[PDB]
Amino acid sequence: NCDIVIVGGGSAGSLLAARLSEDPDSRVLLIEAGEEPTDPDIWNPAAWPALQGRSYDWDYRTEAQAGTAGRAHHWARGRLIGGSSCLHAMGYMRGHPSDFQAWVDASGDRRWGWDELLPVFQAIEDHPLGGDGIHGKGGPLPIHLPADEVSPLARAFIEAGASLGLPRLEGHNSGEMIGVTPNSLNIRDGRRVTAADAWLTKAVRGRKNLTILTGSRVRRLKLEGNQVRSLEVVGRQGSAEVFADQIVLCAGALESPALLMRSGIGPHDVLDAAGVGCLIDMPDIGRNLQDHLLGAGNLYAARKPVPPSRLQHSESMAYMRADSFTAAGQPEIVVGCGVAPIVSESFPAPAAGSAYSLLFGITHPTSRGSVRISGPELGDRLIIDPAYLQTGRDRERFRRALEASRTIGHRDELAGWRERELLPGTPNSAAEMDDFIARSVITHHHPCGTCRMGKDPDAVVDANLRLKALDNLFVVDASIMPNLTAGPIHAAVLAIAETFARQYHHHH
């Protein structure tokens, strides 16, 4: 209610609603644009792709991308309690320690380093290796290490990678991320487990100091001096003004910057062009946009029927250096085993069961894009330019990734499954490879960076996640990430939320 308002009930928001309200002297209101879940397919891990295009998916469309053969891309996003966590591939990857070293350099604060994050990840995790001093034990989020249920295709892929020199890992989360392993998953008893499941339990929801408001969109934050004084909330019925002492934005990589721009906080020139009065000129709001790509894909005809995944279809990412299968350290590329024959819209889909794809990507793209509001209204679509493949480094590294994928794909360890390669076949030059890659890449679903945390004067938030231009507004979601982690970012978003919860309880 009165003390703190959380905008957006997604991954970070669900965690915060629970954690902030642990203080009985704190009144917490959670405002979510979507509805509570009712669709049962949501908890079926193997149904995650079918979830897209449904009612609770924002379904943004990017600008045409010159670096991906002029293709425009669809960006699925959760619009319901639990957010993008409902739509997940449910992979759990903390990231690599060096990923977070970059956050430390950017933020000027040690709290964002692997060593300090370690107890934070551990507080979040309920992991089967919990107790080893590295992984968490007894935390709200189950982490599952698949073994028996791993697809024989995925095991064959893992063997192919292992034969090449990649070490065998138990999940990606020990601080060592390069190697071969089934992906760790947020699954318990065969059921997907979301942020909302883990943190917004029946007990938490029963707290008299926690109020959850659904089907309600925050349209503008209203200012008085150097503070946010109230929020304008738009519901199925009409609009209403909500007051608060502290405001935390958890609307995610697209919607957090959009809310700020609608409120007249952002690039003066962007707001002008959107017809929004400028109250605080912050040039970096909406900028620094990053995302991961996967090439869809190194497609193989199967020598025998490919049986449906007993997990989540994309069962094993192999992170590695771009120039060697034996070298250790921070990942540069990734090749993943897709039990489903996944291809972009640029290719015809093979019959089900008849093919599998190896997905290939780069782990730390240097390209940087932007999100801008097109007008003042909730209904005015965002202008999203991820700037995919715009740097020479990103393009060169993706050649390395495709090359790594084909090397793994053609190993004897996969001869039991492989009939022959369907894609890319025979690219005989850099340009031909570049063209196939540009036609094949799709989003890995990890948008972030649009409200970047930094120690420099024009960063959007400081190391405490406070919007630099105001006293009582915080941004606590994927938008603050200075840079992408090597792999999927949900663990990182949750780590961001937990460290902010700890900071709030520490200073109040």
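Sequential numbering from 1, following the sequence displayed.
Remark: stretch with higher mean C-alpha B factor among 323 to 331 and 213 to 221 is 323 to 331. Comparing 111 to 119 with 262 to 270, the stretch with the higher mean C-alpha B-factor in the PDB entry is 111 to 119. Note on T181, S239, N288, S256: the highest value goes to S239, judged by CA B factor as recorded. Among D462, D458, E36, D477, the highest C-alpha B-factor recorded in the PDB entry belongs to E36. For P167, the recorded CA B-factor ranks within the middle third of the chain. Only modelled residues enter the ranking. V306 sits in the highest third of its chain by CA B factor, as recorded in the PDB entry. Sorting the modelled residues of the chain by their CA temperature factor places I342 in the highest third.
Split the chain's modelled residues into thirds by C-alpha temperature factor. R79 is in the highest one. Sort the modelled residues of the chain by CA B factor and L87 lands in the highest third.
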